Amino acid sequence: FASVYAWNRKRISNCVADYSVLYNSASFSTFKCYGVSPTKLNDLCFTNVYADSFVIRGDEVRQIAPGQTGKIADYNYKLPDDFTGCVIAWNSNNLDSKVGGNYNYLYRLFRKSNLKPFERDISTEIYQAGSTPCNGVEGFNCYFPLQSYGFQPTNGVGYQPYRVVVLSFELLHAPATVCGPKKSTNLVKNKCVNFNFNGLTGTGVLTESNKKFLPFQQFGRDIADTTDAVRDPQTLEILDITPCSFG
Amino acid sequence: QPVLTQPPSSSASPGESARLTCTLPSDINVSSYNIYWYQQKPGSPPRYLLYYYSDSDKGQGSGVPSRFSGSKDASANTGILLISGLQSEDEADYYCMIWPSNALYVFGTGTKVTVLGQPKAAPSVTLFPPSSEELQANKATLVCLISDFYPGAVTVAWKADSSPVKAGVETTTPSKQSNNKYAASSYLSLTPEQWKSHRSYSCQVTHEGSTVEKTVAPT
Amino acid sequence: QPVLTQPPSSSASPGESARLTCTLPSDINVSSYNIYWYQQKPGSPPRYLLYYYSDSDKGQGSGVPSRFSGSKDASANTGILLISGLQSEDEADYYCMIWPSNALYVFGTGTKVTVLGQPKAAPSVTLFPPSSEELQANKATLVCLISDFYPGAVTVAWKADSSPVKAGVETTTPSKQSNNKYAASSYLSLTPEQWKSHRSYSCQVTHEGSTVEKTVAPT
Amino acid sequence: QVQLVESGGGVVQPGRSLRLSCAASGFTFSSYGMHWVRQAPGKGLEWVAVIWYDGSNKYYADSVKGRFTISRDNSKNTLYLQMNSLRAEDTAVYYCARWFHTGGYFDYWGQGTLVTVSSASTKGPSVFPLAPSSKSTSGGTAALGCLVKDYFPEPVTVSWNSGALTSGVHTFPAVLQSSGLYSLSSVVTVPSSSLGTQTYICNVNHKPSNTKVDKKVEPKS
Ligand SMILES: *[C@@H]1O[C@H](CO)[C@@H](O[C@@H]2O[C@H](CO)[C@@H](O)[C@H](O)[C@H]2NC(C)=O)[C@H](O)[C@H]1NC(C)=O
């Protein structure tokens, strides 16, 4: 994973996202959704999804939330106050903690001012607590600004490492982007049916055709402009649409 | 390195709630550090209690009942320990610590706490001037004895004719008697020519704000 | 039965507004009772003034001008009488009463009020030790006289060499002289062996916060 | 389980050198950071030195630099502290503490050991009688006593009238001066009618030496 003071930032893009494999995986110790309850994720579409990744203590997972305070949310990773995404977290004691102490996971514990939301700060200047200038050397009131979790496998819960992923769905002003997968039933024939062909909503009897579209045309129309043929997206065969009987 | 000032010797009675404070210097925004609290009984090493930084960043100490709670007030540069529901097992010294950069570990100055299991008392004071044989012995010692002052936070100041003095004085720590109150003593070193130089000396003792002083003049 | 504490001897000058208080004990939510107020001039029986409970539940006393008004403040356990526009006919003692269950009627402790019709004064103090014939008479009496202290709320405390004493002392109530200020006296009973026991005694008097003390030592 | 014992304390004169040994047990020694922390008799705590899990971060304290050396040996589960040129003020109780790092605090202290940087060897007491006086007299009673001062060998005793008077006789805790020698004063109250009347002789006995002196206390001339 990535440190807590330099988190990563992956920009998921145009794709088919299935948040159900996430939501029901039961391997996550924390799955909170804020802008939007979890079950309705596989039914919406946004412009961009960002995924941020890092590693923290066990009992600092409560500062990854909109409107908190503490050494993590103050100056390591700040979430805006109208967050939209979801926060996922799971214990990772066996991967990240090693006997003798894993001193490779640092965090920032001194900064001049709290972070703006989604702001990032990887500098390593000597912090200056008191009024006396520091001149790049340590000493009283001149502190190195990074400390390291010394993780060890015999730590009580709440001191073992947790891995965190923060998904943030954003909606700029584009034309569209990633959405959840569209599931399909079977196509029946020779029965007055209520059908939807990737947008085309209608009613009628479906029948095997013998016309030949051009290999970019989806549906056919009549004179007086009524849909009378379609192409099945999955198998790519033309089917006529006749109305079911009235009189 | 900073210095963490702590008021010595707070006190209260069972069932009450004590509020100890630990303040840094005019510099450093105490709302920038996490404060740790240790407790030490007599005849025993200290013991971790809890730490506080910005509620929603608390933490307890594995055997520390939820009575003890920490907080932090900004516009005093002060961290606060709060005992709620004192009992007869909190007579201890409570130190505050900060840990900035694994290069230095700064401790507080200590703070006694006593749960009053008896009514208060008046520190009986008694003062003695240097005896005659000691005058012939080319030396002089003033003797200030304090006794029966059950809450033990006594302090002493010594006086020449009008001014305070701060050299040549030794002060015992309070010691518990049989009646489970305290006693103390202080000595003042003087050359006999200084003994007759000033027309009179005195020993004053302060105790819970109150003060009692005694005075003796050379012959 | 509860006890209704009242500060003795408030004071002010004409045209001002006096604010007397009547507080119960740590227990009982004074915002649960209605408080009655009585006034008593010297040489006359008391007289009802008003009662208060939770404005919109007030009540006056048939001959009590609208100057007198009662109120009640919660987070002090205190009822308040408020005179607004004192005059030269309010020198009286004001008692607060509560009536819970027609089984007991609890009175306050009294509070003097005086409208200053003269500038303040300094209580002249004078102290006398037991005379010689009284020493031969196997007894001893210290004599503390107070005079000319126009506002009459004097109190006295007696001192052996360093400690206060509270046995063998008698204190006159203040008495008005011709010049319309006050005078008082106090006596201390002592056996002559106790008279020579302690190296000196003193009489201190407190008056409007201020204090003056005099002291005498046996010979 | 986890428990740290210490040894090496004692009494030395300034300028010499000493070393302290903190032997651990229980936990696996070589996985933790260890500290030495001292506290003076009757003062607050004070951090002295730290050492990583052999990570060679020594980091002494501004008052011990250039005079203390901290080291460890995980082959025997032992922490050491070598002091030299003792300032005759580093007299205190010393503890070894274990450092829980990812939480950031000490735990499992080790009962400490006392080291006293003396300069005295042995000396007999000097006695004065503190006379009963009117400044000590109040009403029915007056106090008189004996001041026994300037002795090193801590156990010393003063009785009143060969052990006769047990009323009002109080011996106060001895005080340790900057000179390095102890001093104390024992006082007893007695009716003021009885200033000089009866016998009040303090019997001073110094057991490490062989001093035995009786001093009478009488009202001031
Ligand atoms: C959509 O997926 C289905 C299978 O999920 C594809 O169906 C396959 O079609 C080929 C014909 O070329 C058959 O040989 C395979 O056996 C079919 N698979 C199954 C599982 O039935 C279908 O072709 C896909 N859509 C497109 C446009 O290729």
Side-chain angles (χ1 to χ4, degrees), chain A residues 8-28 31-53 66 79-88 117-118 165-247:
Chain A
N8 267 318
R9 172 87 129 173
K10 164 146 195 75
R11 41 167 306 102
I12 309 288
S13 78
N14 40 66
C15 76
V16 43
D18 54 354
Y19 314 94
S20 189
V21 68
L22 272 44
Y23 193 26
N24 56 30
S25 158
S27 165
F28 298 138
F31 195 97
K32 301 207 185 323
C33 279
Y34 290 107
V36 41
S37 146
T39 52
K40 283 68 46 185
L41 300 166
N42 254 339
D43 328 60
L44 222 159
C45 201
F46 310 86
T47 318
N48 257 332
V49 182
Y50 291 125
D52 315 342
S53 324
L79 282 189
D81 221 309
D82 60 308
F83 191 49
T84 329
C86 311
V87 168
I88 313 158
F118 287 144
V165 163
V166 170
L167 294 154
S168 143
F169 318 109
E170 91 162 19
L171 277 268
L172 201 103
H173 193 286
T177 300
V178 291
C179 350
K182 309 310 253 287
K183 292 250 147 279
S184 313
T185 84
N186 307 350
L187 73 110
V188 306
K189 294 181 206 60
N190 311 107
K191 316 219 298 293
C192 174
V193 86
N194 211 143
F195 61 84
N196 178 289
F197 280 86
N198 64 256
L200 256 154
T201 295
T203 307
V205 175
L206 294 171
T207 250
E208 257 98 353
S209 181
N210 67 156
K211 287 184 290 208
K212 310 114 206 171
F213 287 8
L214 292 180
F216 64 94
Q217 287 164 332
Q218 313 286 74
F219 54 108
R221 274 204 179 105
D222 262 353
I223 320 88
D225 274 6
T226 88
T227 320
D228 64 318
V230 274
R231 183 191 247 137
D232 193 50
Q234 313 215 4
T235 169
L236 305 171
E237 252 70 81
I238 312 305
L239 313 140
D240 302 74
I241 301 167
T242 159
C244 35
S245 298
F246 75 105

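Chain identifiers are assigned alphabetically (A, B, ...) following the order of the sequence lines, protein sequences preceding nucleic acid strands; residue numbering begins at 1 within each chain. Below, all heavy atoms of this structure are taken into account, side chains as well, without hydrogens, waters or symmetry copies.
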Contact check, side chains of [X] and [Y], non-hydrogen atoms, under 4.5 Å:
| X | Y | answer |
| --- | --- | --- |
| A:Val49 | A:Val178 | yes |
| A:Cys86 | A:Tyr34 | no |
| A:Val230 | A:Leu200 | yes |
| A:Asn48 | A:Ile12 | no |

From [X] [atom1] over to [Y] [atom2], what is the distance, rounded to the nearest 0.5 angstrom?
| X | Y | atom1 | atom2 | answer |
| --- | --- | --- | --- | --- |
| A:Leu44 | A:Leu171 | CG | CG | 7.5 Å |
| A:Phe197 | A:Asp232 | CZ | CG | 5.0 Å |
| A:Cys33 | A:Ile88 | SG | CD1 | 7.0 Å |
| A:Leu239 | A:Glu208 | CG | CD | 6.5 Å |
| A:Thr242 | A:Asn190 | OG1 | CG | 10.5 Å |
| A:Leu22 | A:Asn42 | CG | CG | 9.5 Å |

>> Taking A:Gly180's backbone N and O only, do any of them form a donor-acceptor pair with A:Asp43's side chain (distance below 3.5 Å, no angle check)?
In response: no
> Does A:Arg231 use its side chain to pair, donor to acceptor, with the backbone of A:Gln217 at less than 3.5 Å?
Replying inline: yes
Return the minimal non-hydrogen interatomic distance between [X] and [Y], and the atom names on each side.
| X | Y | answer |
| --- | --- | --- |
| A:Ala229 | A:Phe219 | O-CB, 3.1 Å |
| A:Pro233 | A:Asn198 | CG-OD1, 3.8 Å |
| A:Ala17 | A:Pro181 | O-CD, 3.3 Å |
| A:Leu79 | A:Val166 | CD2-CG1, 4.2 Å |
| A:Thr203 | A:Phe195 | N-CE2, 3.3 Å |
| A:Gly220 | A:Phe213 | N-CZ, 3.6 Å |

>> Can you confirm whether more than 12 heavy atoms, excluding those of A:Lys40, are under 6.0 Å from its NZ atom?
In response: yes
>> Atom NZ of residue position A:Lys212 - does it have more than 12 heavy atoms of other residues, nucleotides or ligands inside 6.0 Å?
In response: no
> Among pairs that include at least one residue of residues 166-184 of chain A, which meet side-chain hydrogen bond (donor to acceptor under 3.5 Å, both in side chains), considering only residues two or more places apart or in two chains?
Replying inline: A:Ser184-A:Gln234
> Of A:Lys10, A:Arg11, A:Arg9, which meets side chain to side chain donor-acceptor pair (under 3.5 Å) against A:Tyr50?
Replying inline: A:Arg11
> Given A:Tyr19 and A:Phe31, is the side-chain contact (heavy atoms from CB on, under 4.5 Å) satisfied, shown in steps?
Replying inline: CA-CA 11 Å; A:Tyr19 314 94; A:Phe31 195 97; 5.9 Å; no
>> Closer than 4.0 angstrom, basic N to acidic O: yes or no for A:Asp240 and A:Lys211?
In response: yes
> Can you list the residues that meet the side-chain contact (heavy atoms from CB on, under 4.5 Å) rule with A:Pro243, with sequence neighbours excluded?
Replying inline: none
> Taking the inter-plane angle between the rings of A:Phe46 and A:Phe169 on a 0 to 90° scale, is it parallel (under 30°), tilted (30 to 60°) or perpendicular (over 60°)?
Replying inline: parallel
>> Go through it in stages, so that I can follow the logic: the residues are A:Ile241 and A:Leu206, the test is side-chain contact (heavy atoms from CB on, under 4.5 Å), and I'd like the CA-CA distance, side-chain angles, deciding distance and then a yes or no.
In response: CA-CA 5 Å; A:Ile241 301 167; A:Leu206 294 171; 3.8 Å; yes
